[PDB]
Amino acid sequence: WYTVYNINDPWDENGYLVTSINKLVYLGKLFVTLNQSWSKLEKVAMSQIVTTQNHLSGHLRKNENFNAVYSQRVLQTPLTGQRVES
Amino acid sequence: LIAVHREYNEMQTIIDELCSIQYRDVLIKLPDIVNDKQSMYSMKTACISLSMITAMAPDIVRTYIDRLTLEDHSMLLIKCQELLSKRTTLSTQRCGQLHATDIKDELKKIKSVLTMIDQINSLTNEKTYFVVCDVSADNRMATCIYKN
């Protein structure tokens, strides 16, 4: 949930030029900030899911029932963040 | 321009003050102007050019009045302050005072303002027929080097 602030129109030191340059700087910083924060959170979520798969699988590995090994295979399917919805 | 403003005795109150002029200690006057429409065409083009001077006047110029009133101060300057105080029938103040390198547009506008001024001058200006070089001591005959 992000909001672009605004450039106050009545007061400015130079006009169209410096307000465009300040808008360009603020928008480039906002763009790279939001993309880095998104990539940070997606890398966090994928790291935690790949971490919990191993601790899940090692504890489910021992038993030999068919429902057990089917749960092992379903929960040992590999995941990417683009494969996670299905 | 004033006899367009149709009046009774105000035409007279204007004319008797106006017409008698003094140049080089000499009083002259020109009577009986029936104010035909032939002056109205020569006045319409002055009206056109004043409209265009207004519309193409830059932001530096009307600012330059107020800025020089704040920087310098003079009685002579005051006379112009008295005209701008006596008529305030426009009052449309502009927004920006930054002048952030609009300088080619400023040149273009100032060239236009000067050219409209040249048009009004070409109205009011009559052709030089003679150029004096040598004058008699009587101021009765004088030599010129130019014939229309």
# chains A, B, ... in the order shown; residues from 1 in each chain; ligands from 1

$ interface_residues --of "chain B" --to "chain A" --cutoff "10 Å" --atoms "only C-alpha atoms" --output "list in words"
residues 95, 96, 97, 98, 99, 100 and 101 of chain B

$ residues_around --residues "residue 80 in chain A" --least-positions-apart "3" --cutoff "10 Å" --atoms "only C-alpha atoms" --output "PyMOL selection string"
chain A and resi 46+49-50+83-85

$ atom_distance --atom1 "CA of residue 4 in chain B" --atom2 "CA of residue 21 in chain B"
22.1 Å

$ atom_distance --atom1 "CA of residue 86 in chain A" --atom2 "CA of residue 45 in chain A"
16.6 Å

$ residues_around --residues "range 105-118 of chain B" --least-positions-apart "5" --cutoff "12 Å" --atoms "only C-alpha atoms" --output "PyMOL selection string"
chain B and resi 45-61+99-100+123-125

$ residues_around --residues "range 33-39 of chain A" --least-positions-apart "5" --cutoff "9 Å" --atoms "only C-alpha atoms" --output "PyMOL selection string"
chain A and resi 2+28+44

$ residues_around --residues "residue 134 in chain B" --least-positions-apart "5" --cutoff "8 Å" --atoms "only C-alpha atoms" --output "PDB file with C-alpha atoms, in the first residue's frame"
ATOM      1  CA  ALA B 142      18.643  77.925 -44.210  1.00  0.00           C
ATOM      2  CA  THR B 143      20.359  75.251 -46.234  1.00  0.00           C
ATOM      3  CA  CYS B 144      19.328  71.620 -46.390  1.00  0.00           C
TER       4      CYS B 144
END

$ residues_around --residues "residue 146 in chain B" --least-positions-apart "3" --cutoff "10 Å" --atoms "only C-alpha atoms" --output "ChimeraX atom specification"
/B:128-132,143

$ residues_around --residues "residue 58 in chain A" --least-positions-apart "5" --cutoff "12 Å" --atoms "only C-alpha atoms" --output "ChimeraX atom specification"
/A:51-53,63,72,75-76

$ write_last_selection --atoms "C-alpha atoms" --output "compact mmCIF listing (two decimals), in the first residue's frame"
# COMPACT_ATOMS: atom_id res chain seq x y z
CA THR A 51 13.52 -24.61 5.47
CA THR A 52 10.29 -26.12 6.83
CA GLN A 53 10.03 -28.74 4.04
CA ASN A 63 6.88 -44.76 8.77
CA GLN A 72 5.72 -37.71 2.22
CA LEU A 75 4.92 -32.67 0.99
CA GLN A 76 8.28 -33.34 -0.71

$ select_by_dssp --residues "chain A" --states "alpha helix (DSSP H)" --output "JSON, numbers by chain"
{"A": [16, 17, 18, 19, 20, 21, 22, 23, 24, 25, 26, 27, 28, 29, 30, 31, 32, 33, 34, 35, 36, 37, 38, 39, 40, 41, 42, 43, 44, 45, 46, 47, 48, 49, 50, 51, 52, 53, 54, 55, 56, 57, 58, 59, 60, 66, 67, 68, 69, 70, 71, 72, 73, 74, 75]}

$ select_by_dssp --residues "range 37-135 of chain B" --states "strand (DSSP E)" --output "count of residues only"
4
